[PDB]
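1. Structure of the sequence below:
(chains A, B, C, D, E, F, G and H)
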Amino acid sequence: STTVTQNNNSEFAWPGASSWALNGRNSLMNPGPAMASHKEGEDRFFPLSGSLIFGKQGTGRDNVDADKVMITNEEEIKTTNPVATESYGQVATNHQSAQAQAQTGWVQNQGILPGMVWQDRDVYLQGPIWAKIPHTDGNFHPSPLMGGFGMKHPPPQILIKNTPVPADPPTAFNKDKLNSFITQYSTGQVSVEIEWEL
Amino acid sequence: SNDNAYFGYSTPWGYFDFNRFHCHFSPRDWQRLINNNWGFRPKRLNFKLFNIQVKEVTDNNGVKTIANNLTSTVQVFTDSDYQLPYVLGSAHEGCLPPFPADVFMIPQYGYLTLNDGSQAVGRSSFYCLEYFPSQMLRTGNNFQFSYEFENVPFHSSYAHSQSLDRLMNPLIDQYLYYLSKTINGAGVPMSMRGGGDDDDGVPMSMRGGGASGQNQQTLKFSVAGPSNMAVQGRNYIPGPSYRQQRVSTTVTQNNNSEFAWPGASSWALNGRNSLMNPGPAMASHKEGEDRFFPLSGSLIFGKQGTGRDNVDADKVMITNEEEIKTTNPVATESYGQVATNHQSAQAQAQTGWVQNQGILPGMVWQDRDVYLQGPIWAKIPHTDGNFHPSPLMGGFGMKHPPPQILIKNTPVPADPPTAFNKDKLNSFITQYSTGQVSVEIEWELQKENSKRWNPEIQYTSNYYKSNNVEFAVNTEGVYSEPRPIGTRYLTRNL
Amino acid sequence: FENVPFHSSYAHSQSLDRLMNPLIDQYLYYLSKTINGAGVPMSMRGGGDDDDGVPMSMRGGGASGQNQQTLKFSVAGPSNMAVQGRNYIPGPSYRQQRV
Amino acid sequence: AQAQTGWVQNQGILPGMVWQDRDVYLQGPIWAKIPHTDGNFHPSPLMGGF
Amino acid sequence: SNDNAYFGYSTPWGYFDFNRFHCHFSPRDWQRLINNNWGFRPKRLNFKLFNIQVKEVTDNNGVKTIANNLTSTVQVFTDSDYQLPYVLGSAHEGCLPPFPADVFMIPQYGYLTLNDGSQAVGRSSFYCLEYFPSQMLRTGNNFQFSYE
Amino acid sequence: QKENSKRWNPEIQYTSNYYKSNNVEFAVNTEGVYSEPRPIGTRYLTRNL
Amino acid sequence: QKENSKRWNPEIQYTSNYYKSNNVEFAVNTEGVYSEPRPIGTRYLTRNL
Amino acid sequence: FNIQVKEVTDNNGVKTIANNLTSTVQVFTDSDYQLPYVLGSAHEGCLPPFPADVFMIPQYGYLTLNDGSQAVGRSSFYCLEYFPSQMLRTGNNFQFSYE
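-> Numbering: from 1, shown residues only, chains lettered A, B, ... in the order given. The protein structure is shown below:
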């Protein structure tokens, strides 16, 4: 909750965070599956993993207050995608009989089922555009979880570097690589023209 | 038991099976393949039967003798329309021996339909292979056919040179923030007058202490930087899982109890339980914990001359699915954690372990590796739906795999009675046949084009002196495959 | 009508877990035993003395209770179909109450 | 610790899964409109049909 | 901590990043897009580098001075075959500033391979960007390429 | 999509019941009320996996 | 001059060591010092006399 | 290619480097092996194995006949200036091919 007094009085930023494990290392489920940020009207709530959060102009790096950040709102997709801070639903967990009552359990996480429909995470003006789909044997709906367009062959990386210009070398041969360079930097213009289809 | 109940038929027919890599690749060739290509796949197949010899055995007074029966025939046909229950791609014994010199016996064909215990329901199907047109050949007749492998993706014969969680630039920060603090400060006593009085736990509201215990809660955000990679936002997440029990090679570490089946992961199909023997492709273990393996496990072959039942660990070879730890979750670990409540002023944030995780949009993964001794292909079940129908045992899945090739010696009646009898003949000349088989497969290669500076990992033999040569013959003339050999040696970026 | 797959107006004449050849073994092994044997008392002298539960280490019984653990492997055969390795598994589920 | 198992009450898709779709009836529906969304999986109408 | 362990390399090279919408759309344009279309997507890309100026800094007795070094060059190349670890699309800072008037600094290129704690396993890959053909340009030389 | 099975034994078929009855299945009443006595699937013929 | 051997068993190959280490063989230091950890011949593949 | 001839000025210890655009560099190839062949004596000062390294060009020197520290009548003296060589300012590129 944005109204702090409603939150538990304890550090749960990482302890109570959703996460996945890869070879003994844990990574926060920072963006996660595209899910509605909250139930109707409960606008003060947001997923701890959250909806992308940008910094306001001139916001610091560390331990910044809530007012100096912008938390995206994934609400428009509540029509098809389950709420992030809610259970998917309930399932039976036994065989109700003459002796036993019908029991249900909460579905905290639900993988794809045949018949599922959903929207992908929205894109923002400040948001990313594309991502490189990892070159793997398998993947499902490789739409970047951070939002945007997934591509096996995205716009190629463009690497630039100032060519090293040696200072005055010794007048006697030395096998060691030169470590004395003329201090330089370069400047210029860049042009990026993209054609978008509407 | 009910889990092992079945109903089917055994038929006199035999069948050809070459659905293992060592049927086609010498250990030398498998090395050449492994060390130099990023991927490969079958394209064409050409099969031949020739130099058929039908021999008749005579046994009079224990004195056995074998003679040629030139007029006898052998029947052969191909299940070109997949009208017979597909037996290949169930990791069955009786393939072509890996060593060219070995003479092998053709496996018998048998199949299973629907069963209700040891009974057969109305649906159950009975197939008669005689009710198929088949070529007949005496010695001096040769059979052959060609097959086209349908489009199948290249098998990834590479390991990733970077992991899913380590794909960022270690020099630059994201333009994204994360929740870093939910608590700030602590309850405060305050001050007044020169003398100092501090509130202590236990003071009642009737004694003046009306203050509640803590107001520390706050929302502090930090930039996802190089210093905290674990928190950074990512576009892709690790593949699906289905937790498997962890077993150690150093026995003393395992629980003192029988958990081979009780603590095994399994799926249920119409009241019957089947072990999740191969399971979802998952890393065999965490870094360094090499002594561990999933109870379901990574395929396990037997060493040369290993028995059938209750064999010790040293007489088996357990495959190691480690190279895929870059994208696939560990088999003996949880997928991760999920919130299980609504943390509030009264309730603390709670998490639960994800023991099994179905596909999610954004998942990426590698399929199980293939081995020299491993299967090649499998028949994708003809069903309404399926997902990533890559054979879980490893290999190439096909709707129309290499057709089954069934062979049988045509029955040669003994001398019938000189008076008519309606009963089917049950007195036959004892016969068996022999000949040669030829299997020619054309494989397509996907050569490596890496810009890696440092040398790669390569499959090599050990130079250190030894009694026998690896992948050679014994002093008894027994060929043996000393270890399993994967395909993932060369590396490639994610 | 846009291209739609044919509706499957058939039932399968064999199940996912029963697709092998009931005559041949796999070339794959499975873990069949994790326990072998039991704690052993031993022998000496003509007279026989057997360790019993309750004997303390101060009374001479320093032996721990069980060392039985072992790793025995068996071939996945026709006799044990439930354990055999398979390429394909049954479809997704979402448990429903039974009435 | 002894080996422990838990029941899988609900299982999402896994690579290697195979299945049949719900049958269709004489009284049953024929078709359905696949919702116009970014994503969907095996959009076979759960009530059966095309 | 173990969750933040990594192994990789930092290289002198910089890189261009324009993988954010405000790099291409003015707030006015984003509004026009948003309010009138049901969908959109990129088709083509055209990139240019030009008006290169290589300056040499001299610092004698704290007295700093900048002069042009006309003969100096800058190296540029495109990872057309994705042979380098792809750093873009990790929501990294150092894209083109949203405001056209802003002058920005090019981010440094660095990458991470396989790690076991703070150590590198045999698989870990080392890449040298020098081991790539790249165009060299003095002032008065212009680079450009197109992408589909 | 016609069946091309190589099954030897006869298949399950949807049939009406020969045993005598007051009304015909999938016919009209004596009131002129048409009725569908039971649901009818499509999965009678068999096929290998 | 490519190899055309009819040897059945696998050959000796030059490989890097998988075992974990501080630096990568034939890579740069943490100081930015490239180093060649060992001499590398050419005689790995075999051939009859 | 991309030759840059720089001039160093050192006034009162204060060293400074500037381009000398009009200055040239001389290059030529001993195509007829008329000079004492120095290569293939396992000498230092080759191109560094690592592409990123900037190296210093080794100085050329040679040895003829000697009798102790003295030179006999046979001993040959070579002047590299007595060879035609290309001259290039910045903006000029040299190249050749060999079989």
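
2. Those residues of chain A touching chain F, which are they?
-> Within chain A, not a single residue sits near chain F (CB under 8 Å from any CB of the partner chain). (Each C-beta comes from the backbone N, C-alpha and C, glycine too.)

3. can you list the residues of chain A near chain D?
-> A:80, A:91-93, A:105, A:107, A:110-120, A:138, A:141, A:143.

4. for the residue of chain A found nearest chain G, what are its contacts?
-> Residue nearest to chain G within chain A (CB to the nearest CB): residue A:177, separated by 8.4 Å. Residue A:177 makes contact with H:48, H:50, H:53-55, according to CB atoms under 8 Å, 6 or more residues apart in numbering or on different chains.

5. These in helices, which ones?
-> For these, not one is inside helices, with DSSP state H as the criterion.

6. which of those lies closest to chain B?
-> residue H:50 (8.8 Å).

7. Spatially nearest residue to the spatially most central residue of chain A, not counting backbone neighbours?
-> Nearest to the mean C-alpha position of chain A, counting by CA atoms, centre = their mean, stands residue A:31 at 3.6 Å. Excluding its sequence neighbours, the residue lying closest to residue A:31 (CB to CB, 6 or more residues apart in numbering or on different chains) is residue A:145, at 4.5 Å.

8. Ok, residue A:100 next?
-> residue A:94 (6.0 Å).

9. shouldn't the one you found be in contact with residue A:105?
-> No - the criterion here is CB atoms under 8 Å, and residue A:94 misses it with residue A:105 at 9.4 Å.

10. could you give the angle of the longest strand anywhere in chain A to strand E:74-78?
-> The longest strand of chain A (DSSP state E) is strand A:184-197. On the basis of axes from the mean of the first three to the mean of the last three CA atoms, to 10 degrees, strand A:184-197 is oriented at 30 degrees to strand E:74-78.

11. Next one: strand A:184-197, is it in contact with chain E?
-> Yes - shown here: strand A:184-197 in contact with chain E (CB under 8 Å from any CB) through A:184-197.

12. Those residues into TSV, with extra columns for neighbour count?
-> TSV is the format used below for those (neighbours: other CB atoms under 10 Å in any protein chain shown):
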residue	neighbour count
A:184	17
A:185	12
A:186	20
A:187	12
A:188	17
A:189	11
A:190	17
A:191	11
A:192	15
A:193	11
A:194	17
A:195	9
A:196	13
A:197	10
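
13. Contacts only, for the one residue in chain A that gets nearest to chain C.
-> Closest to chain C within chain A is residue A:92: 3.9 Å, counting by CB to the nearest CB. Going by CB under 8 Å, 6+ apart, residue A:92 touches A:102-104, C:95-98, D:9.

14. repeat that with 10 Å
-> When contacts are counted by CB atoms under 10 Å, 6 or more residues apart in numbering or on different chains, residue A:92 is found next to A:102-105, C:94-98, D:9-10.

15. Please apply the same query to residue A:187.
-> Residue A:187 touches E:51-55, E:74, E:103, E:106, counting by CB under 10 Å, 6+ apart.

16. ok, residue A:22 to chain F distance?
-> 35 Å (CB to the nearest CB, to the nearest Å).

17. what sits against that residue?
-> B:163-166, B:237-239, B:283, B:325-330, B:333, B:335-336.

18. what about the strands in chain A?
-> For chain A, the strands defined by DSSP E cover A:19-22, A:25-28, A:53-55, A:69-71, A:89-92, A:104-107, A:117-118, A:130-132, A:138-139, A:149-151, A:158-162, A:184-197.

19. quick one on the thing from earlier: counting neighbours, which of the residues of chain A next to chain D end up buried?
-> A:80, A:91-92, A:107, A:110-120, A:138, A:141, A:143 (16 or more other CB atoms under 10 Å in any protein chain shown).

20. Smallest distance to chain F belongs to which residue of chain A?
-> Taking CB to the nearest CB, chain A has residue A:114 as its residue nearest chain F, at 17.7 Å.

21. how near is the nearest residue to residue A:63 once chain neighbours are set aside to chain E?
-> Excluding the flanking residues, the one nearest residue A:63 by CB to CB, 6+ apart is residue B:220, at 3.9 Å. Distance of residue B:220 to chain E, computed by CB to the nearest CB: 19 Å.

22. if I look at residue B:220, how far off is chain D?
-> From residue B:220 over to chain D the distance is 34 Å, taken as CB to the nearest CB.

23. Tell me the bridge partners for that residue.
-> Per DSSP bridges, the residues bridged to residue B:220 are residue B:181.

24. Show the contacting residues for the residue nearest to residue A:100.
-> A:100-105, C:95, C:97-98, D:7, D:9.

25. Looking at these, which two lie furthest apart in space?
-> Using CB to CB, the contacts of residue A:94 span at most 17.5 Å, a distance reached by A:101 and D:7.
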